[PDB]
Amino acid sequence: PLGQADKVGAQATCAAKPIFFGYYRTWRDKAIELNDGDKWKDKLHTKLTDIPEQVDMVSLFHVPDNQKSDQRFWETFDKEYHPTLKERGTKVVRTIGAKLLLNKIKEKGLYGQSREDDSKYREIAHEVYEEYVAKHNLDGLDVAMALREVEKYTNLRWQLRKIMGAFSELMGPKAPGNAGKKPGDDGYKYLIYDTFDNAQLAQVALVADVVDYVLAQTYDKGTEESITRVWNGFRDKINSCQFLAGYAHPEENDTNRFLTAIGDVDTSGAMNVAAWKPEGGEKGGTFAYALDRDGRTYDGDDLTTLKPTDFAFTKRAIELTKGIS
């Protein structure tokens, strides 16, 4: 048998100090094997260990359809990348899309109504944990929920709640395996939720009690007042220590147009987000999408070429988030 979090609102203190969270596109890693006809079969400049040593947590965004094979990538990760990141103290988690989870719910024949066998949700959670987290000794799972249909349909809300509860038995504050451990401790297994910057569309009330962090996709904000507005939308469901606001770096052939992390670093809206704090509280930290595109724009050859990065935005966000130099 599987409301809001235990504490909500602005919290003057947090169990873990504010962190910088980084999304890493595995199909842009040097060790990955892209398709034969791919225009970027070469020109791959960045490796995973190139990220700054002060990154607290990195999330591997692995998409099998974006490359031909990942065997070399995982061999390099197990041999080279992961020991170095562990030496630096950087946690590594794995991002999974909610669409894949709903597909797995559907394969089991679940509609999500009462009288169903909730052990099937536990089966799905264990399979996902073994494949995505345990297989490569990762530190937890990040569920990306950017589906507008979840909020509209009761059965989808039920399904999401049940799969996140089944996951809470394996990761997060509710997991018995994390007994006496806290985010930031060695061996802690994280349960992370990234979603809309709209709390209602996010359906964060279904996961607030089981997740360590809530990552709001504030990719179009860039103003402290707008982030305050988003946070006031979330504050009655989660506490500020769970909340992370973020920005997105321009991607090649993206069509999305996220403008907060372009131009001068110190005056960018991305650094306003990194510097932002909840009034009367401390935040969970700051996150950035596509670390390999740090500093890139949508202009000129940037839209169509891959380039190395100096991680200037990443370093400055770390400084503003953690209050260090």
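The first residue of the shown sequence is 1; numbering continues from there.
- Unmodelled deposited residues between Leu2 and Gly3: 4 to 9, per the record.
- For the pair 25 to 33 and 253 to 261, the mean Cα B-factor is higher in 253 to 261.
- Taking the mean C-alpha B-factor of each stretch as recorded, 293 to 301 and 46 to 54 are not equal, and the higher mean is that of 293 to 301.
- When the C-alpha B factors of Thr223, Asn232, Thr154, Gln242 are read from the deposited coordinates, the top value falls at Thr223.
- Ranked against the other modelled residues of its chain, the C-alpha B-factor of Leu110 as given in the entry falls in the middle third.
- Among the modelled residues of the chain, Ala16 sits in the middle third by CA temperature factor in this PDB entry.
- Among the modelled residues of its chain, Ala312 has a C-alpha B-factor that falls in the middle third according to the deposited record.
- In the deposited entry, the Cα temperature factor of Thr286 sits in the bottom third of values across the chain's modelled residues.
- Among the modelled residues of its chain, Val92 has a C-alpha B-factor that falls in the lowest third according to the deposited record.
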